[PDB]
Every structure is written in C-alpha cells, then in structure tokens.
Amino acid sequence: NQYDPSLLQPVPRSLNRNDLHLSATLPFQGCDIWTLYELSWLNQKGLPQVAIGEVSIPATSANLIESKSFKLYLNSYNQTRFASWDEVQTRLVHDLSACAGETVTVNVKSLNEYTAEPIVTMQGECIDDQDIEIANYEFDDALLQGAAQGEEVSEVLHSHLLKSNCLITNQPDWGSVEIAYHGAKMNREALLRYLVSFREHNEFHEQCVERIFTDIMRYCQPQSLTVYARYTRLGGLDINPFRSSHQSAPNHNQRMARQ
Amino acid sequence: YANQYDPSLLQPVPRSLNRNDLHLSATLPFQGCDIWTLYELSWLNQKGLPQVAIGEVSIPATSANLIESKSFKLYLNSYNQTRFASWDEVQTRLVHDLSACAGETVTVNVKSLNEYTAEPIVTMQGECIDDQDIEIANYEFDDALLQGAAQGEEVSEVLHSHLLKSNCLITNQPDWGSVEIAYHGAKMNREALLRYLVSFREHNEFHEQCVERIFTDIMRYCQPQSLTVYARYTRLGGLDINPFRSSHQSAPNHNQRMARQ
Ligand SMILES: *[C@@H](N)c1c[nH]c2nc(N)[nH]c(=O)c12
Ligand SMILES: *[C@H](N)c1c[nH]c2nc(N)[nH]c(=O)c12
C-alpha cells in the first residue's frame with residue numbers, strides 16, 4: 001500500500017457540541033494535541049526512517065480526525081519513498097489540514113530528540129486519594145450540582161482516574177485530566193465522583209473534554225477555566241484535548257506515565 | 001455489564017512451535033526473558049474507587065509458553081470493573097495467573113504512577129547503524145543477507161537499530177521495534193546487518209520469535225563467541241514486549257522505555 005490521503009476520515013465537532021447545547025460561538029478556545037509515535041516512511045533510497053510526529057489541530061476546526069483512520073493513513077507512508085523529512089512534514093500539514101478543515105501544525109521529530117526526556121505528572125493537587133465509596137457507574141453531570149460553594153480561589157487540580165469507553169471499538173480509554181480555574185472553590189469529592197462517572201460513558205477524548213469543560217462551567221461557574229486531558233494512545237497515536245476560556249494552547253507538551 | 005476478573009482469557013502459546021522452525025539443539029542456545037510493560041492496569045478498590053498502575057512483568061525464556069498479547073490485554077481489562085481489597089492482592093493474582101499460563105514462575109511489579117515521575121526516555125547502548133547511504137528495494141525476509149557478514153578482526157561491539165519492523169500475524173498489523181546486538185567475534189558488516197534487519201519488514205512473526213530468529217541467524221552465519229540480542233517493541237493494546245536473548249547474560253539492567261514506547 002502506497003501513500004493514500006483518502007484513508008483519513010473526518011468527524012464533525014458539531015455532533016457532540018450540539019448535544020452539549022453549544023452555539024456556533026464557542027465557550028472555549030483550544031486545540032487537540034496528537035502524538036504520533038509510529039511515524040515511518042522510506043527515504044529516497046528506500047531506507048526506512050522513523051520519527052515522532054507532534055500535531056496540533058485547532059479546536060475551531062470543523063472536524064476532528066478519527067483515530068483509526070489517522071493510523072491507517074500514517075501506515076500508508078510506511079512503504080512510500082519521500083524525498084526528505086521536509087516533504088513528509090509538508091504532506092502531513094496538507095492532508096491533515098484538509099481533513100480537519102483548518103491549518104494543522106506538524107512537527108516531525110527524530111527519535112534522539114527524546115533521549116533523556118523525563119516523564120511528567122500533572123500540576124497542582126491530585127484529587128484521587130479520597131476514602132469514598134462509589135455505588136454505581138452511570139454518568140451523572142448533576143454530581144457537580146452545588147460543587148463550587150467555596151471562597152474565591154485560583155487553583156489547579158488533577159486526576160489520573162478518568163476512564164471512558166471508545167464505542168466504535170468497545171474498548172476502554174484511559175486519561176489524566178488537569179483542571180485550572182479561577183472561581184468559587186470546588187468540592188474535591190464532587191469533582192472526583194463526576195469524573196469517575198465517565199467510566200462506562202461512550203465518547204471520544206475530544207468530546208469528553210468539552211463535556212467536562214461545559215459541565216464545570218454551568219454547575220461551578222468559574223470566571224476562568226482550562227481543562228487539559230492526556231489520554232493513552234490507541235494504535236500508536238494519542239490525543240490530548242485542551243480547552244480554555246482564555247488560552248489557545250498549553251505551555252507544555254510532555255508525556256505522562258501511562259502515555 | 002463489562003466482563004469482570006477472568007483468568008480463562010489468558011492464551012498460552014508453546015514456545016517450541018516456532019523454535020522447531022529454527023531447527024535448534026536439544027539444549028537452548030540462549031537464555032533470557034521477555035519483559036512486558038503493562039501501561040493500562042486498573043481495577044477498583046473495595047469501596048469501588050478506581051486504582052491505576054503500571055505493571056512490569058518478566059517471563060523466563062525457558063517457560064514452556066509465552067502469553068498471547070491480545071489475550072493478555074483482555075485478561076487485564078477484566079480487572080477494570082473488579083473490586084480488590086488491596087494492591088497486594090492484585091500483584092499476587094497477576095503472578096499466579098501469568099505463571100500458570102507461562103508454565104514457569106514469572107515476576108510482576110505493580111507500580112504506582114508516581115514512581116515514574118522524572119523517569120527517562122532512553123536510547124539503546126552502543127552505535128546506531130541506521131544512518132547509512134545504501135539503497136533497499138527488496139523487503140522480503142532473507143537470512144542469507146548475513147552470509148559472510150563477519151569478516152572482521154575479533155572485536156567486542158554493541159550495535160543498535162531503530163528500524164526493526166515486522167508484521168503481527170493475527171492482525172497482519174505492523175510491529176515497530178528497536179534492537180540492540182552485543183557480541184564478541186569477527187567484526188560484523190553493518191550494511192549486511194542492516195539489510196538483514198530491514199528484511200523483516202514484510203515478515204510475520206511474534207516479537208519473541210523475531211528476536212530468537214535474529215539470535216540464531218547471527219549465531220549460525222557470524223559465529224561470535226558471545227552474543228546478546230535485545231529488542232524493545234512499541235505497545236499493542238496497552239502492553240509492550242521486550243524480548244532479551246543471550247548466550248551469557250540473563251536480562252537487561254532495567255525496563256526503561258524508549259522514545260516510541
Ligand atoms: C503480534 N506481533 C502479536 C499478536 N499477539 C502477540 N503475542 C505475543 N506474545 N507476541 C506478539 O508479537 C504478538
Ligand atoms: C475512541 N475513543 C476513539 C476511536 N476513534 C477516535 N477518534 C478520535 N478523534 N478520538 C477518539 O477518542 C476516538
């Protein structure tokens with residue numbers, strides 16, 4: 001199989017966004033940061049090349065890109081000769097931008113760019129160590145009702161317990177999520193229960209993050225909010241959706257333990 | 001309802017099946033282990049709150065069986081909705097079930113995520129052989145590429161490549177790995193070695209089997225006095241396998257992940 005851009009399948013952001021009661025004018029800005037761990041092609045003499053791709057898709061794009069289709073598209077590079085690493089980057093920018101509907105950023109990095117890079121955890125307070133009982137696994141947004149009754153604060157919280165399901169594969173999705181906000185202080189137990197209630201919930205990573213953002217916004221009414229999740233890869237690609245009131249991109253992209 | 005804890009999901013594969021194709025001797029030419037990293041290990045505590053961890057498993061190369069990866073993933077997924085009273089119980093069950101499957105005692109570490117903060121991404125030892133100006137048009141497996149490959153003065157060298165790719169036979173899907181070869185013997189021609197490794201690109205075999213094939217081909221064609229072949233493959237469905245085979249060494253010094261892992 002040679003290089004084949006037709007393998008890419010877009011999915012519109014509007015599907016879920018409509019389900020969240022969002023207008024065309026978004027409550028958030030942001031991007032989906034993808035890591036492509038398996039990018040490989042042939043040089044111009046047929047010798048294999050390997051790299052890690054770092055891609056950013058703007059949250060304003062009409063479409064996200066379905067992950068398996070992205071994987072299959074990348075696999076079409078594997079037996080294809082390209083003139084130079086610059087040609088690979090150019091082709092990726094062109095094809096991914098066309099699919100998403102807006103210019104996509106792409107960095108193609110040699111493997112030695114990662115030597116001695118440290119694994120990171122998230123920022124602020126981890127909310128996971130709570131002695132509490134969970135009596136059911138059904139998604140409930142109302143777990144956030146009255147969750148922010150505290151004094152005005154600015155703080156950053158995170159959890160490693162985010163799990164959702166990938167319906168189109170009927171397989172688990174695993175993520176950590178960081179929530180930074182300015183507003184009435186949030187009840188930690190409510191937030192953790194809310195996140196745990198995704199466990200049996202079918203949704204895409206991008207859609208889950210938008211749901212978390214919009215639920216926090218409507219129940220907790222912070223003045224400023226950023227939600228950033230880092231999910232473990234599916235088929236050699238991971239997705240790290242970032243949604244913020246004021247921020248366009250995260251100021252760090254670094255892999256976590258399970259990624 | 002999701003399937004809860006189910007050891008019957010584990011699928012053993014006898015190692016001897018593929019080893020027969022390698023025409024080995026009565027006693028194994030190598031020793032070693034298969035090191036697995038389980039990046040998605042999660043279960044519920046007794047009060048129902050999720051727990052997350054990374055597992056590290058070592059299966060002796062002398063075990064009667066290896067464990068089929070997809071079955072291992074499904075087995076691990078069966079923990080996800082299951083309540084366990086302690087992390088110790090989880091580690092204990094993993095040792096018990098995986099040892100029973102493999103046919104020999106396996107080691108299992110269950111590590112909290114904080115144990116990985118600041119841990120490095122690593123490369124392999126020795127010299128990378130990948131930057132060569134040569135043309136490859138034929139990706140079919142050919143072990144004869146190693147014929148007369150070691151002409152050199154007797155040396156001790158460590159060589160590695162990030163270009164190992166094979167196909168995963170259940171799915172046919174591509175497998176991606178780096179491989180580290182340490183030997184003492186006549187110096188190996190690096191073009192021949194790289195062409196040989198690249199010839200796996202269209203080839204169907206398990207990671208463990210590919211490493212054993214590389215070891216046995218180098219042994220028969222290059223006749224080094226001592227040899228170690230160690231490959232580290234990217235994960236499939238949340239689990240990776242890192243087969244280590246050696247004439248004189250038992251195991252690698254660490255499980256540290258590489259860039260694509
Ligand atoms: C494909 N490479 C594949 C599929 N199942 C596997 N199990 C094991 N133990 N090794 C593999 O390489 C496997
Ligand atoms: C599973 N969660 C899944 C399957 N395909 C996907 N594509 C994208 N863009 N996001 C996901 O979470 C996906």
# chains A, B, ... in the order shown; residues from 1 in each chain; ligands from 1
$ interface_residues --of "chain A" --to "chain B" --cutoff "9 Å" --atoms "only C-alpha atoms" --output "PyMOL selection string"
chain A and resi 36-38+44-52+75+111-121+128+130-136+160-161+171-172+174+196+200+232-236+256-259
$ residues_near_ligand --ligand "ligand 1" --cutoff "10 Å" --atoms "only C-alpha atoms and all ligand atoms" --output "PyMOL selection string"
chain B and resi 11-13+15+34+36+65-73+166-176+204-210+233+235-237+239-243
$ write_last_selection --atoms "C-alpha atoms" --output "mmCIF file, in the first residue's frame"
data_model
loop_
_atom_site.group_PDB
_atom_site.id
_atom_site.type_symbol
_atom_site.label_atom_id
_atom_site.label_comp_id
_atom_site.auth_asym_id
_atom_site.auth_seq_id
_atom_site.Cartn_x
_atom_site.Cartn_y
_atom_site.Cartn_z
ATOM 1 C CA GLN B 11 -3.918 -17.708 25.950
ATOM 2 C CA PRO B 12 -0.649 -19.655 26.167
ATOM 3 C CA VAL B 13 1.451 -20.280 23.046
ATOM 4 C CA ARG B 15 7.483 -21.633 22.580
ATOM 5 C CA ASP B 34 10.528 -11.475 27.862
ATOM 6 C CA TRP B 36 6.464 -6.796 29.378
ATOM 7 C CA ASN B 65 4.715 -20.983 26.917
ATOM 8 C CA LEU B 66 4.671 -17.351 26.008
ATOM 9 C CA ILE B 67 1.439 -15.404 26.503
ATOM 10 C CA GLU B 68 -0.508 -14.153 23.506
ATOM 11 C CA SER B 69 -0.683 -10.359 23.731
ATOM 12 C CA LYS B 70 -4.331 -9.763 22.804
ATOM 13 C CA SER B 71 -5.398 -12.347 25.374
ATOM 14 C CA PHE B 72 -3.171 -10.661 27.965
ATOM 15 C CA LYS B 73 -4.880 -7.306 27.205
ATOM 16 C CA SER B 166 7.707 -6.925 11.383
ATOM 17 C CA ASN B 167 4.055 -7.848 10.893
ATOM 18 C CA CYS B 168 1.781 -9.118 13.628
ATOM 19 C CA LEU B 169 0.279 -12.270 12.219
ATOM 20 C CA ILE B 170 -3.076 -12.430 13.950
ATOM 21 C CA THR B 171 -3.850 -8.902 12.716
ATOM 22 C CA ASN B 172 -1.191 -8.565 9.992
ATOM 23 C CA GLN B 173 -0.723 -5.076 11.533
ATOM 24 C CA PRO B 174 2.761 -3.524 11.691
ATOM 25 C CA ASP B 175 5.035 -4.009 14.705
ATOM 26 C CA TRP B 176 7.709 -1.396 15.486
ATOM 27 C CA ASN B 204 5.083 -12.329 10.041
ATOM 28 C CA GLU B 205 6.295 -13.432 13.480
ATOM 29 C CA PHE B 206 5.821 -12.626 17.183
ATOM 30 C CA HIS B 207 8.301 -10.253 18.832
ATOM 31 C CA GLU B 208 9.782 -13.116 20.898
ATOM 32 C CA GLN B 209 10.142 -15.230 17.776
ATOM 33 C CA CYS B 210 11.805 -12.449 15.771
ATOM 34 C CA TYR B 233 8.814 -3.055 20.673
ATOM 35 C CA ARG B 235 2.966 -1.441 22.682
ATOM 36 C CA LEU B 236 -0.041 -3.157 21.155
ATOM 37 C CA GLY B 237 -3.292 -2.559 23.022
ATOM 38 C CA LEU B 239 1.142 -3.761 26.508
ATOM 39 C CA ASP B 240 4.684 -3.951 25.172
ATOM 40 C CA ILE B 241 7.112 -6.848 24.892
ATOM 41 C CA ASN B 242 10.887 -6.609 25.131
ATOM 42 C CA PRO B 243 12.496 -9.982 24.381
#
$ select_by_dssp --residues "region 92-169 of chain B" --states "alpha helix (DSSP H)" --output "PyMOL selection string"
chain B and resi 92-102
$ residues_around --residues "region 180-183 of chain A" --least-positions-apart "3" --cutoff "7 Å" --atoms "only C-alpha atoms" --output "JSON, numbers by chain"
{"A": [152, 153, 154, 155, 156, 157, 222, 223, 224, 225, 226, 227]}
$ select_by_dssp --residues "region 6-80 of chain B" --states "strand (DSSP E or B)" --output "ChimeraX atom specification"
/B:12-14,31-44,50-60,65-67
$ write_last_selection --atoms "C-alpha atoms" --output "compact mmCIF listing (two decimals), in the first residue's frame"
# COMPACT_ATOMS: atom_id res chain seq x y z
CA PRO B 12 -0.65 -19.65 26.17
CA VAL B 13 1.45 -20.28 23.05
CA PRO B 14 4.04 -23.07 23.32
CA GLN B 31 18.94 -17.82 27.94
CA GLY B 32 16.91 -14.73 28.68
CA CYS B 33 13.45 -13.37 29.36
CA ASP B 34 10.53 -11.47 27.86
CA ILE B 35 9.97 -8.23 29.71
CA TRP B 36 6.46 -6.80 29.38
CA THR B 37 5.24 -3.34 30.34
CA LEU B 38 1.53 -3.05 31.13
CA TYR B 39 0.65 0.60 30.78
CA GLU B 40 -3.04 0.21 31.34
CA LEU B 41 -3.61 -1.64 34.57
CA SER B 42 -6.62 -0.50 36.51
CA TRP B 43 -9.11 -2.01 38.95
CA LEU B 44 -11.46 -0.89 41.74
CA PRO B 50 -10.68 3.18 40.62
CA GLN B 51 -6.96 2.50 41.07
CA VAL B 52 -4.36 2.87 38.30
CA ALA B 53 -0.85 1.46 38.00
CA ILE B 54 1.82 0.36 35.56
CA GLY B 55 2.86 -3.29 35.65
CA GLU B 56 6.21 -4.78 34.75
CA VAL B 57 6.45 -8.50 34.08
CA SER B 58 9.38 -10.80 33.38
CA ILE B 59 8.69 -14.17 31.77
CA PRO B 60 11.66 -16.58 31.65
CA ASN B 65 4.72 -20.98 26.92
CA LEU B 66 4.67 -17.35 26.01
CA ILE B 67 1.44 -15.40 26.50
$ closest_atom_pairs --of "chain A" --to "ligand 2" --cutoff "6 Å" --atoms "only C-alpha atoms and all ligand atoms" --output "JSON lines"
{"residue": "A:64", "atom": "CA", "partner": "ligand 2", "partner_atom_place_in_ligand_line": "9 (N)", "distance": 5.6}
{"residue": "A:65", "atom": "CA", "partner": "ligand 2", "partner_atom_place_in_ligand_line": "9 (N)", "distance": 4.8}
{"residue": "A:66", "atom": "CA", "partner": "ligand 2", "partner_atom_place_in_ligand_line": "7 (N)", "distance": 3.7}
{"residue": "A:67", "atom": "CA", "partner": "ligand 2", "partner_atom_place_in_ligand_line": "7 (N)", "distance": 3.9}
{"residue": "A:68", "atom": "CA", "partner": "ligand 2", "partner_atom_place_in_ligand_line": "5 (N)", "distance": 5.7}
{"residue": "A:166", "atom": "CA", "partner": "ligand 2", "partner_atom_place_in_ligand_line": "2 (N)", "distance": 3.7}
{"residue": "A:204", "atom": "CA", "partner": "ligand 2", "partner_atom_place_in_ligand_line": "12 (O)", "distance": 3.3}
{"residue": "A:205", "atom": "CA", "partner": "ligand 2", "partner_atom_place_in_ligand_line": "12 (O)", "distance": 3.9}
$ closest_residue --among "A:58, A:10, A:175, A:5" --to "residue 228 (chain A)" --atoms "only C-alpha atoms"
A:175
$ residues_around --residues "region 15-23 of chain A" --least-positions-apart "4" --cutoff "9 Å" --atoms "only C-alpha atoms" --output "PDB file with N, CA and C atoms, in the first residue's frame"
ATOM      1  N   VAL A  11     -14.548  13.647  11.428  1.00  0.00           N
ATOM      2  CA  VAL A  11     -15.815  13.603  12.141  1.00  0.00           C
ATOM      3  C   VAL A  11     -16.102  15.038  12.565  1.00  0.00           C
ATOM      4  N   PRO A  27     -17.703  28.650  23.880  1.00  0.00           N
ATOM      5  CA  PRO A  27     -17.367  28.986  25.267  1.00  0.00           C
ATOM      6  C   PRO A  27     -15.873  28.807  25.563  1.00  0.00           C
ATOM      7  N   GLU A 203     -17.749   8.022  24.489  1.00  0.00           N
ATOM      8  CA  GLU A 203     -17.476   9.320  23.896  1.00  0.00           C
ATOM      9  C   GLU A 203     -16.038   9.314  23.379  1.00  0.00           C
ATOM     10  N   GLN A 207     -14.492  14.976  22.812  1.00  0.00           N
ATOM     11  CA  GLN A 207     -15.847  15.217  23.265  1.00  0.00           C
ATOM     12  C   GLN A 207     -15.942  15.147  24.790  1.00  0.00           C
ATOM     13  N   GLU A 210     -14.648  18.426  26.179  1.00  0.00           N
ATOM     14  CA  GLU A 210     -15.623  19.505  26.014  1.00  0.00           C
ATOM     15  C   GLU A 210     -16.796  19.360  26.981  1.00  0.00           C
ATOM     16  N   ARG A 211     -17.185  18.126  27.277  1.00  0.00           N
ATOM     17  CA  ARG A 211     -18.268  17.891  28.223  1.00  0.00           C
ATOM     18  C   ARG A 211     -17.845  18.304  29.633  1.00  0.00           C
ATOM     19  N   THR A 214     -17.798  22.143  29.765  1.00  0.00           N
ATOM     20  CA  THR A 214     -19.105  22.782  29.759  1.00  0.00           C
ATOM     21  C   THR A 214     -19.924  22.437  31.015  1.00  0.00           C
ATOM     22  N   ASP A 215     -19.735  21.237  31.563  1.00  0.00           N
ATOM     23  CA  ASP A 215     -20.411  20.903  32.820  1.00  0.00           C
ATOM     24  C   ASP A 215     -19.850  21.714  33.981  1.00  0.00           C
TER      25      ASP A 215
END
$ closest_residue --among "B:196, B:30, B:5, B:87" --to "residue 216 (chain B)" --atoms "only C-alpha atoms"
B:30
$ atom_distance --atom1 "CA of residue 149 (chain A)" --atom2 "CA of residue 218 (chain A)"
13.5 Å
$ residues_around --residues "residue 159 (chain A)" --least-positions-apart "6" --cutoff "9 Å" --atoms "only C-alpha atoms" --output "PyMOL selection string"
chain A and resi 122+125-128+175-179+192+195
$ atom_distance --atom1 "CA of residue 33 (chain A)" --atom2 "CA of residue 6 (chain A)"
22.0 Å
$ residues_around --residues "region 183-186 of chain B" --least-positions-apart "6" --cutoff "9 Å" --atoms "only C-alpha atoms" --output "PyMOL selection string"
chain B and resi 149-159+222-229
$ closest_residue --among "A:106, A:142, A:162, A:168" --to "residue 219 (chain A)" --atoms "only C-alpha atoms"
A:142
$ residues_around --residues "residue 30 (chain A)" --least-positions-apart "2" --cutoff "6 Å" --atoms "only C-alpha atoms" --output "list in words"
residues 59, 242, 243, 244, 248 and 249 of chain A
$ decode --residues "region 177-207 of chain A" --atoms "N, CA, C and O atoms" --output "tab-separated table (two decimals), in the first residue's frame"
chain	number	residue	atom	x	y	z
A	177	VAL	N	-6.45	14.13	33.77
A	177	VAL	CA	-7.05	15.41	33.42
A	177	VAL	C	-6.67	16.46	34.44
A	177	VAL	O	-6.69	16.21	35.65
A	178	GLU	N	-6.30	17.63	33.92
A	178	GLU	CA	-5.89	18.77	34.73
A	178	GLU	C	-6.91	19.89	34.55
A	178	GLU	O	-7.29	20.21	33.43
A	179	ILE	N	-7.35	20.47	35.67
A	179	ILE	CA	-8.39	21.49	35.68
A	179	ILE	C	-7.84	22.68	36.44
A	179	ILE	O	-7.54	22.59	37.63
A	180	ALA	N	-7.69	23.79	35.73
A	180	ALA	CA	-7.17	25.02	36.32
A	180	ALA	C	-8.26	26.08	36.23
A	180	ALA	O	-8.86	26.28	35.18
A	181	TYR	N	-8.55	26.72	37.34
A	181	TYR	CA	-9.64	27.67	37.32
A	181	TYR	C	-9.47	28.81	38.30
A	181	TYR	O	-8.71	28.73	39.28
A	182	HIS	N	-10.20	29.88	38.01
A	182	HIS	CA	-10.40	30.98	38.95
A	182	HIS	C	-11.90	31.06	39.19
A	182	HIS	O	-12.66	31.28	38.25
A	183	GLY	N	-12.32	30.87	40.43
A	183	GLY	CA	-13.73	30.91	40.77
A	183	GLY	C	-13.99	30.41	42.17
A	183	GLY	O	-13.04	30.25	42.95
A	184	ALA	N	-15.25	30.15	42.51
A	184	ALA	CA	-15.57	29.64	43.85
A	184	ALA	C	-14.92	28.27	44.00
A	184	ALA	O	-14.99	27.43	43.09
A	185	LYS	N	-14.28	28.04	45.15
A	185	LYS	CA	-13.52	26.80	45.34
A	185	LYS	C	-14.40	25.55	45.20
A	185	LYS	O	-15.49	25.47	45.78
A	186	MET	N	-13.89	24.58	44.45
A	186	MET	CA	-14.65	23.37	44.11
A	186	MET	C	-14.50	22.28	45.15
A	186	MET	O	-13.42	22.05	45.69
A	187	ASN	N	-15.61	21.60	45.42
A	187	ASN	CA	-15.59	20.44	46.29
A	187	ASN	C	-14.89	19.28	45.59
A	187	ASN	O	-15.29	18.86	44.49
A	188	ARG	N	-13.85	18.77	46.24
A	188	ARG	CA	-12.98	17.75	45.64
A	188	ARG	C	-13.70	16.42	45.45
A	188	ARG	O	-13.49	15.73	44.45
A	189	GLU	N	-14.55	16.07	46.41
A	189	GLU	CA	-15.29	14.82	46.35
A	189	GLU	C	-16.26	14.85	45.17
A	189	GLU	O	-16.36	13.89	44.41
A	190	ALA	N	-16.98	15.97	45.01
A	190	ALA	CA	-17.92	16.08	43.90
A	190	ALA	C	-17.21	15.97	42.55
A	190	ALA	O	-17.67	15.28	41.63
A	191	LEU	N	-16.08	16.66	42.44
A	191	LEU	CA	-15.34	16.65	41.19
A	191	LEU	C	-14.86	15.23	40.87
A	191	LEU	O	-15.01	14.74	39.74
A	192	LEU	N	-14.29	14.55	41.86
A	192	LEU	CA	-13.83	13.19	41.63
A	192	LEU	C	-14.98	12.25	41.26
A	192	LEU	O	-14.84	11.47	40.32
A	193	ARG	N	-16.11	12.32	41.98
A	193	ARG	CA	-17.25	11.48	41.62
A	193	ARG	C	-17.71	11.75	40.19
A	193	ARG	O	-18.00	10.83	39.43
A	194	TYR	N	-17.78	13.03	39.84
A	194	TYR	CA	-18.18	13.39	38.49
A	194	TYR	C	-17.27	12.73	37.46
A	194	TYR	O	-17.75	12.13	36.50
A	195	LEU	N	-15.96	12.87	37.64
A	195	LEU	CA	-15.02	12.28	36.69
A	195	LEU	C	-15.12	10.75	36.65
A	195	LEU	O	-15.10	10.15	35.58
A	196	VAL	N	-15.22	10.12	37.82
A	196	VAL	CA	-15.38	8.66	37.88
A	196	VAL	C	-16.65	8.20	37.14
A	196	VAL	O	-16.71	7.10	36.60
A	197	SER	N	-17.67	9.06	37.10
A	197	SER	CA	-18.93	8.66	36.46
A	197	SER	C	-18.82	8.56	34.95
A	197	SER	O	-19.76	8.10	34.30
A	198	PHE	N	-17.69	8.96	34.38
A	198	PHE	CA	-17.46	8.72	32.95
A	198	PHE	C	-17.12	7.26	32.63
A	198	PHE	O	-17.05	6.90	31.46
A	199	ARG	N	-16.89	6.44	33.66
A	199	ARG	CA	-16.17	5.16	33.47
A	199	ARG	C	-16.80	4.26	32.40
A	199	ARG	O	-16.09	3.56	31.68
A	200	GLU	N	-18.12	4.21	32.40
A	200	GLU	CA	-18.93	3.46	31.43
A	200	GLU	C	-19.55	4.26	30.26
A	200	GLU	O	-20.42	3.77	29.54
A	201	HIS	N	-19.12	5.52	30.14
A	201	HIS	CA	-19.64	6.53	29.20
A	201	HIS	C	-18.97	6.41	27.83
A	201	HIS	O	-17.75	6.36	27.74
A	202	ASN	N	-19.76	6.33	26.76
A	202	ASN	CA	-19.17	6.29	25.43
A	202	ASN	C	-18.97	7.71	24.92
A	202	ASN	O	-19.91	8.50	24.87
A	203	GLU	N	-17.75	8.02	24.49
A	203	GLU	CA	-17.48	9.32	23.90
A	203	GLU	C	-16.04	9.31	23.38
A	203	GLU	O	-15.25	8.44	23.72
A	204	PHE	N	-15.73	10.25	22.49
A	204	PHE	CA	-14.35	10.47	22.03
A	204	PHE	C	-13.61	11.31	23.08
A	204	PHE	O	-14.24	12.02	23.89
A	205	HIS	N	-12.28	11.26	23.06
A	205	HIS	CA	-11.49	12.03	24.03
A	205	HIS	C	-11.82	13.52	23.93
A	205	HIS	O	-12.02	14.19	24.95
A	206	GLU	N	-11.88	14.02	22.70
A	206	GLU	CA	-12.15	15.44	22.46
A	206	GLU	C	-13.51	15.85	23.01
A	206	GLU	O	-13.67	16.93	23.59
A	207	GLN	N	-14.49	14.98	22.81
A	207	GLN	CA	-15.85	15.22	23.27
A	207	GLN	C	-15.94	15.15	24.79
A	207	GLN	O	-16.67	15.93	25.41
